[PDB]
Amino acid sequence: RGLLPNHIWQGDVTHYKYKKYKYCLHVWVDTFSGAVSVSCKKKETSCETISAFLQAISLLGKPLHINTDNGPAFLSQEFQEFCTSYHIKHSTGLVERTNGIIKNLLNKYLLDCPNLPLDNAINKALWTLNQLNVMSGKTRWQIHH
């Protein structure tokens, strides 16, 4: 749907169990390039949501238009304020399968080395999927930048 990089992203929160806790992985995916940002948070309040959104912006750049579900955090005024501050249109699966690839990569890296910190695994997965996996022949990173 996005016509170029950073036109439209889709975002969701998905869950992942690590050493007994069920973490919130805040996920952003660019609908043109497929490039992805994931941030491991403990919860899904507006603070964590904005926090993970800012991290995605450092990774991918600032999007024109983001699409989400009707989650409370996305509908909160804190988040609406952020969006307006940043000049981002906000409206209410590419995500489901992107999620799938990330989780299979965390499961693999954790099987190989059980004591791997969750952050390392997430950053290894992000680098693999964005920058290594070829799709035309291009990586998501190439098409993004």
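Throughout, we count residues from 1 along the sequence that is shown.
### Message
What does the record say about the segment between residue 115 and residue 116: how many deposited residues are without coordinates (none, 1 to 3, 4 to 9, 10 or more)?
### Response
Gap size class: none, per the record.
### Stretch with the higher entry mean CA B-factor, where the candidates are 119-127 and 16-24
The deposited B-factors put 16-24 ahead on the C-alpha mean.
### Query
Between 75-83 and 49-57, which has the higher average C-alpha B-factor in the PDB entry?
The stretch with the larger average C-alpha B-factor is 75-83.
### Task
Could you tell me which one of 100, 63, 93, 34 shows the highest CA temperature factor in the PDB record?
In the PDB entry, the greatest C-alpha B-factor among 100, 63, 93, 34 is found at 93.
### Query
Split the chain's modelled residues into thirds by Cα B-factor; is residue 40 in the lowest, middle or highest one?
CA B-factor rank for residue 40: middle third.
### Query
Comparing residue 1 with the other modelled residues of its chain, is its CA B-factor in the lowest, middle or highest third?
Middle third by C-alpha B-factor.
### Task
Give the position of residue 29 by CA B-factor within its chain, expressed as the lowest, middle or highest third.
Lowest third.
#### Entry: CA B-factor placement of residue 67, once the chain's modelled residues are sorted into thirds
According to the entry, residue 67 has a C-alpha B-factor in the chain's lowest third.
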